[PDB]
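>>> Let's see this in three dimensions:
(one chain, ligands or ions: 8)
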Amino acid sequence: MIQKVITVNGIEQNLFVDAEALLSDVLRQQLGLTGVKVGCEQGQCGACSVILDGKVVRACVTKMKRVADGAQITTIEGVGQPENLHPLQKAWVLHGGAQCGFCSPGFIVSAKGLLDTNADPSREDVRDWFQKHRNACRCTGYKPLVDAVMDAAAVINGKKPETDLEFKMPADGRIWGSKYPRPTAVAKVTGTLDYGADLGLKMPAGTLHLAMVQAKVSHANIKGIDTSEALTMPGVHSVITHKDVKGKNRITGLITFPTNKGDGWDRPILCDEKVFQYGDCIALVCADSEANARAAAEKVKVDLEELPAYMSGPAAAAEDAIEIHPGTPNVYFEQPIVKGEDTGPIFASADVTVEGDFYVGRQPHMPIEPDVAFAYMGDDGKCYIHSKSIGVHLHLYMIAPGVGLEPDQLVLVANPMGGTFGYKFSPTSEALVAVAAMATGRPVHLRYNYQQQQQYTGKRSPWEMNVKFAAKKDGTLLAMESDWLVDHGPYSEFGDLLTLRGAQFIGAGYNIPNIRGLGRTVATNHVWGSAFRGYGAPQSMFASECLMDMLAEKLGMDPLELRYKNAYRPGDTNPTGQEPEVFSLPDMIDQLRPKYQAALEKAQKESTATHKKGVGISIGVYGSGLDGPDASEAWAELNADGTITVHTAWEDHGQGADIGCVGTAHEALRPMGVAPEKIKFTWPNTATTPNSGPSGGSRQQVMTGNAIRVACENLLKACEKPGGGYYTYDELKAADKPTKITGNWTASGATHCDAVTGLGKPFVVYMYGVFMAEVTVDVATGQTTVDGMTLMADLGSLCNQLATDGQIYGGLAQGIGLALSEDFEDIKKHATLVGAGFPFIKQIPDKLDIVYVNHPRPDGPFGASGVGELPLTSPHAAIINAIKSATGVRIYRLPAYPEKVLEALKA
Ligand code: FES
Ligand code: FES
Ligand SMILES: [Cl-]
Ligand SMILES: [Cl-]
Ligand SMILES: [Cl-]
Ligand SMILES: [Mg+2]
Ligand SMILES: [Mg+2]
Ligand SMILES: [Mg+2]
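Numbering: from 1, shown residues only. Ligands and ions are numbered 1, 2, ... in the order given. Take a look at the structure below.
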């Protein structure tokens with residue numbers, strides 16, 4: 001050990017450290033500076049950026065021996081605090097750069113390092129800086145971050161007053177539709193919002209820290225577990241196995257479809273008889289620290305008989321394949337789509353037909369914050385779980401029978417969280433921590449490292465797809481045929497539903513009177529499927545939107561004009577036979593057309609012999625809601641101090657549940673003139689907030705937005721004075737009148753899609769968009785650079801533009817990753833951010849352009865649709881279409897790795 005006397009955030013610290021210790025650990029654990037965020041732990045994400053003697057360094061890869069006596073360190077806590085914000089922090093808030101907020105301290109610290117060396121950077125300078133310093137963001141698509149740095153620099157340089165970094169009310173006083181900052185922004189930019197791992201460091205002594213004993217093979221029969229060595233290791237309390245589980249030790253898929261051949265109880269909590277995928281948790285070591293628990297977990301011996309594993313859908317779906325879940329066929333669900341007339345004779349007589357085989361793979365969510373959760377036994381006797389769940393009520397029911405608790409005896413709470421992009425539509429660690437808290441009676445905390453985040457949380461499910469179009473010479477679509485195989489890994493939860501998405505979204509956007517198709521779901525031993533933003537659309541629409549360009553090519557028609565010819569218009573129906581609720585695609589195409597023409601001309605003009613430029617188009621469509629008559633609830637409460645709390649379980653992945661609530665409530669409450677700062681939101685809690693539903697299916701703005709609106713309307717009625725005006729809290733209380741008022745809303749016109757035909761009216765609100773990708777392909781290397789993305793977006797009406805701009809930029813960036821670099825195919829190689837193709841800043845163009853063409857929705861609150869998943873529906877199709885435009889080569893199977901593109905170029 002050594003004494004190190006240094007300065008941290010301007011204060012002399014008399015430090016006692018191990019020379020080998022990581023600066024991140026010292027700062028977080030020894031000094032309580034939890035504003036230093038840790039994600040990847042491998043120097044790849046920059047979340048732990050600190051300034052050390054004028055240089056921006058990643059604290060997770062900086063050992064204390066590299067910290068000189070007398071060194072100066074700055075963390076986010078030293079940059080500024082609430083009530084004392086630095087221009088960079090104010091700018092982040094103004095520009096909405098804090099979505100989940102997990103990368104915000106690291107970006108801001110890094111940015112301060114930049115500005116201290118280059119006071120007046122170009123946008124390009126800012127981008128080069130964040131690239132060099134590995135500052136990664138999964139939420140924002142980077143553009144808002146650069147915006148923020150530029151604005152802060154101008155203030156620091158005296159070129160504009162600091163007061164211009166403060167939001168100015170539109171007054172009208174209307175915050176709906178505005179850039180009003182989100183309530184959580186200040187905490188995020190100051191590092192004072194405690195995420196799951198931060199909470200773990202601030203839990204009491206006697207909290208047990210867990211480590212998972214995980215399967216190191218993909219498929220096995222388990223014979224036994226030997227914990228003897230682990231029990232003797234430092235700090236070890238106990239080891240938990242399936243034997244300690246007090247319930248069924250299974251998670252239920254809960255809404256498993258009746259025609260599913262599986263019962264939906266296939267997923268264990270702790271493996272008992274079988275390993276079903278690499279990473280499966282077989283035991284939990286409870287220890288006094290994460291380090292001690294992990295060390296001991298390595299010594300737990302699992303005796304197993306490895307079995308042949310099926311590592312892809314086609315492999316598992318073979319007629320001969322052995323049942324992974326004995327008693328259930330590997331292909332456990334099929335969804336037909338049967339619209340209009342038989343397609344066979346139509347294809348036979350059509351002027352033109354086209355067909356393609358396409359593949360979209362096992363995209364990893366890659367939030368900067370790896371999975372984390374904790375649990376404890378309350379003094380009330382209930383088991384409390386605090387995690388990254390984005391469906392607290394859903395998860396409660398999915399796990400309660402497995403852990404052996406009645407619904408009333410379990411409470412799930414959503415911690416502030418550093419992104420999920422859908423992986424948290426699934427339980428991950430919740431049942432594990434519950435089991436351990438119940439068994440030990442003590443608080444337990446479980447943090448996954450980045451490898452565990454990659455290998456052992458769910459993934460976008462790969463789809464192998466064949467899609468066909470028949471059309472007239474004039475481009476009119478006559479018929480479509482479709483076949484898709486969904487590789488859902490070993491756990492069935494929502495796999496059937498994902499498969500149904502193919503019936504709803506393959507070929508969405510156009511009038512197609514006649515459809516015959518069949519989706520199939522298959523269990524495999526690759527990673528289990530969890531929702532990934534777009535949930536079936538990124539697969540479905542990659543196929544159909546690529547196929548539309550092939551159709552255009554075959555007709556000798558411009559691909560945008562082919563879409564214009566076919567796009568939804570009054571009278572048309574979508575693939576499930578339902579009338580669209582608005583008709584905005586022709587409008588969007590018409591407004592995009594000149595920008596498209598200009599982009600083509602620029603592409604031709606600026607292409608060289610070695611660097612070929614192209615422009616590609618696609619349409620995206622997706623529902624806002626879960627299928628059928630989805631519903632939400634909110635409570636609007638006048639408090640004693642005149643503030644108003646809007647209680648919901650609107651779960652915040654980081655998308656903006658806070659500002660969604662505040663903005664929607666503010667608009668609903670206008671008659672009573674309620675200032676936005678007086679409106680409070682509630683963190684999701686299954687005991688104390690209503691069942692607003694999960695933040696999945698881009699549904700909360702519509703469902704919970706409506707519920708909030710209704711509740712606020714009902715509060716207004718509760719407060720109304722006879723003769724005009726409104727009663728105060730004290731007045732209502734004096735009259736023994738209610739102050740906490742419920743609102744409910746249901747999408748009553750929606751129906752579930754049929755099990756035989758796929759027909760129905762699954763959502764009452766959809767999101768519609770038109771993408772344009774501009775790319776350059778280096779034909780010597782096969783490397784594609786996305787130089788620009790445009791999204792024409794119909795969101796009905798914007799609750800908040802900082803929120804919606806950010807959502808779209810974030811989705812577009814994930815589109816670039818899905819198109820060019822991302823996958824989780826190799827269990828080891830893809831278990832890091834860099835290995836799995838995470839888009840760093842230079843991979844995302846600065847030119848991300850949005851045009852809102854909003855057609856107010858009959859059923860959305862104040863006309864709003866959702867936005868969440870729209871930007872990831874088909875941007876990767878636009879990009880692939882752009883590569884085709886540039887070079888003449890079509891990539892059918894994502895991602896377009898350079899070697900893959902080169903092989904196609906040279907073929
Ligand atoms: S670079 Fe340190 S946590 Fe990712
Ligand atoms: S705001 Fe950057 S990772 Fe979420
Ligand atoms: Cl998906
Ligand atoms: Cl290909
Ligand atoms: Cl390659
Ligand atoms: Mg200042
Ligand atoms: Mg017609
Ligand atoms: Mg090769």
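
>>> residues from the protein in reach of ligand 3?
Residues of the chain lying close to ligand 3 by CB under 5 Å from the ion are 460, 532, 535. All C-beta spots, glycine's among them, are computed from the backbone N, C-alpha and C.

>>> can you confirm residue 434 is in a helix?
Yes: per DSSP: H, G, I helix; E, B strand; the rest coil, residue 434 lies within a helix segment.

>>> Next up, the contacts around it.
375, 383, 385, 399, 403, 405, 410 (CB atoms under 8 Å, 6 or more residues apart in numbering).

>>> Take those and keep only those in strands.
Within those, residues falling in strands by DSSP state E are 375, 383, 385, 410.

>>> Do I have it right that the last one meets residue 383?
Yes: here residue 410 lies in contact with residue 383, judged by CB atoms under 8 Å, at a distance of 5.1 Å.

>>> Common neighbours of the two, please.
Counting by CB under 8 Å, 6+ apart, the residues touching both residue 410 and residue 383 are 403, 434.

>>> Which of those two has more residues huddled nearby?
Neighbour tally, residue 410 and residue 383, criterion other CB atoms under 10 Å: the higher count belongs to residue 410, 24 against 21.

>>> who in this structure is up against ligand 1?
Proximity of the chain to ligand 1, by CB under 6 Å from any ligand atom, involves residues 38, 39, 40, 41, 43, 44, 45, 46, 47, 48, 58, 60.

>>> For ChimeraX, write the selection for the buried entries among these.
Selection of the buried residues among the residues of the chain next to ligand 1 in ChimeraX, burial being defined by 16 or more other CB atoms under 10 Å:
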select :38,39,40,41,44,45,46,47,48,58,60
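
>>> which residue sits closest to the residue in the stretch 101-250 of the chain positioned nearest to ligand 1, ignoring its sequence neighbours?
Going by CB to the nearest ligand atom, ligand 1 is nearest to residue 134 of the stretch 101-250 of the chain, at 6.2 Å. Excluding the flanking residues, the one nearest residue 134 by CB to CB, 6 or more residues apart in numbering is residue 46, at 4.5 Å.

>>> residue contacts, that neighbour?
58, 103, 106, 107, 110, 130, 133, 134, 135, 136.

>>> quick one: which of the residues you listed sit in strands?
Using DSSP E, those in strands are residue 58.

>>> if we look at ligand 4, which of the contacts of residue 46 are close to it?
Okay, of these, nothing touches ligand 4 (CB under 5 Å from the ion).

>>> Also within reach of ligand 2: list those from the contacts of residue 46.
Restricting the contacts of residue 46 to those near ligand 2 by CB under 6 Å from any ligand atom leaves residue 103.

>>> quick one: which of the contacts of residue 46 is nearest to ligand 3?
The shortest gap between ligand 3 and any of those belongs to residue 136, at 22.2 Å (CB to the ion).

>>> which residue sits closest to the closest one, ignoring its sequence neighbours?
Counting by CB to CB, 6+ apart, residue 136 lies nearest to residue 45, which is 4.3 Å off, once chain neighbours are set aside.

>>> I'd assumed residue 137 was in contact with the one you found.
No: when contacts are counted by CB under 8 Å, residue 45 is not listed as touching residue 137 (9.0 Å).

>>> ranges for the helices of the stretch 251-400 of the chain?
Ranges of helices in the stretch 251-400 of the chain, per DSSP state H, counting those that start in this stretch, are 290-297, 313-317, 343-349, 392-403.

>>> try the stretch 751-900 of the chain
Remark: helices assigned in the stretch 751-900 of the chain by DSSP H, counting those that start in this stretch are 801-820, 875-887, 898-906.

>>> For residue 577, grab the count of nearby residues.
Other residues within reach of residue 577, judged by other CB under 10 Å, total 19.

>>> Look up phi and psi at the closest residue to it other than its chain neighbours.
In this structure, residue 577 finds its nearest non-sequential neighbour in residue 759, 4.4 Å apart by CB to CB, 6+ apart. Phi and psi for residue 759, reported as degrees, to the nearest 10, are phi -80, psi 150.

>>> ok, residue 759 - contacts?
Contact analysis of residue 759 by CB under 8 Å, 6+ apart lists 338, 339, 576, 577, 753.

>>> ranking the helices of the stretch 251-400 of the chain by burial, who's on top?
helix 392-403 (a mean of 23; mean count of other CB atoms under 10 Å).

>>> Which elements pack onto that one?
Contact partners of helix 392-403 among helices and strands, from 3 or more CB pairs under 8 Å, 6 or more residues apart in numbering; DSSP states H and E: strand 250-251, strand 410-414, helix 430-440.

>>> Tell me which of the ones you listed sits most buried.
Ranked by mean neighbour count under mean count of other CB under 10 Å, the helices and strands packed on helix 392-403 are led by helix 430-440, which reaches a mean of 26.

>>> what's the closest non-adjacent residue to residue 105?
Nearest to residue 105 is residue 76, by CB to CB, 6+ apart, at 3.6 Å.

>>> ugh, wrong one, I meant residue 529
The spatial neighbour of residue 529 that comes closest, neighbours along the chain excluded (CB to CB, 6+ apart), is residue 461 at 3.6 Å.

>>> now do residue 204
residue 443 (7.1 Å).

>>> ok, now residue 849?
That would be residue 790: by CB to CB, 6+ apart, it lies 4.4 Å from residue 849.

>>> can you give me the helices in the stretch 601-750 of the chain?
Counting by DSSP H, counting those that start in this stretch, the stretch 601-750 of the chain has helices at residues 657-668, 700-719, 729-734.

>>> Just send those helices back as JSON lines, with distance to ligand 4 and mean neighbour count too.
Shown next, in JSON lines, are these (distance: least, CB to the ion, whole Å; neighbours: other CB atoms under 10 Å):
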{"stretch": "helix 657-668", "distance to ligand 4": "39", "mean neighbour count": "27"}
{"stretch": "helix 700-719", "distance to ligand 4": "36", "mean neighbour count": "25"}
{"stretch": "helix 729-734", "distance to ligand 4": "64", "mean neighbour count": "13"}
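
>>> How is this protein divided into domains?
For the chain, the structural domains run 1-74, 75-193, 208-308, 331-364+458-580, 365-457, 581-624+751-907, 625-750, going by curated CATH domains.

>>> Now do the SS call for residue 90.
Residue 90 - assigned by three-state DSSP - is helix.

>>> can you count the residues close to it?
Residue 90 has 25 neighbours, counted by other CB under 10 Å.

>>> how deep is the residue nearest to it when sequence neighbours are not counted tucked in, by neighbour count?
Using CB to CB, 6+ apart and skipping the chain neighbours, the partner closest in space to residue 90 is residue 165 (3.8 Å). Residue 165 has 23 neighbours, counted by other CB under 10 Å.
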